[PDB]
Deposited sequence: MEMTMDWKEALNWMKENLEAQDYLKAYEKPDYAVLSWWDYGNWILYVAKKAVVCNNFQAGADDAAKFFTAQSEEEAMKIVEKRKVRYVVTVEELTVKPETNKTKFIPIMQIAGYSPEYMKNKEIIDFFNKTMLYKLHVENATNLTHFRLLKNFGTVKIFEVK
């Protein structure tokens, strides 16, 4: 996985803008090392074994209430979403599949539209796609194109 322009700008921005290091940044485990070592901020997960399941439960949650349980449990202050995690209308490819699998779902038994309909009710959708406009405890902080960072409130 290569470092994109958007990621470079996002990581540099959080390095000098987020409170210096108490709290953690929640994102998919694939980006953990970047946030931890490049942005110098604690993460919910940076590998598959630990924290990845918490992140998956958060992203696949259908209510802010259920999502806030993970936020409180992990001391989450910021959330980072990425376009490659979302479901796109033009393809079946998306990291939402492994996210679902780790969350305990078996997408291979679901119809394509059932997967899309499910995605449209999740936190990942309400955050990245709707820009948290319909969320009470989350607010879009900075939009780096494919990478977005949200603040917990």
Deposited-sequence segments unaccounted for in the coordinates
22-30
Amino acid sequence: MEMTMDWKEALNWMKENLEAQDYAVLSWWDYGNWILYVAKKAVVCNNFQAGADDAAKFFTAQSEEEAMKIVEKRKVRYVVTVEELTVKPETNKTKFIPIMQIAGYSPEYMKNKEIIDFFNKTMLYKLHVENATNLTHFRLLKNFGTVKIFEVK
From here on, numbers count along this sequence of modelled residues.
Higher-scoring stretch by recorded Cα B factor average, 87-95 or 44-52:
44-52
Look up the CA B-factors in the entry and say which stretch, 35-43 or 108-116, has the higher mean.
35-43
Deposited CA B-factor, highest of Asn143, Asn131, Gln21, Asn17:
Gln21
Split the chain's modelled residues into thirds by Cα B-factor; is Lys69 in the lowest, middle or highest one?
highest
Sort the modelled residues of this chain by their C-alpha B factor and say whether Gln101 lands in the lowest, middle or highest third.
middle
Quick check on the deposited entry: does the C-alpha B-factor of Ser63 sit in the lowest, middle or highest third of its chain?
highest
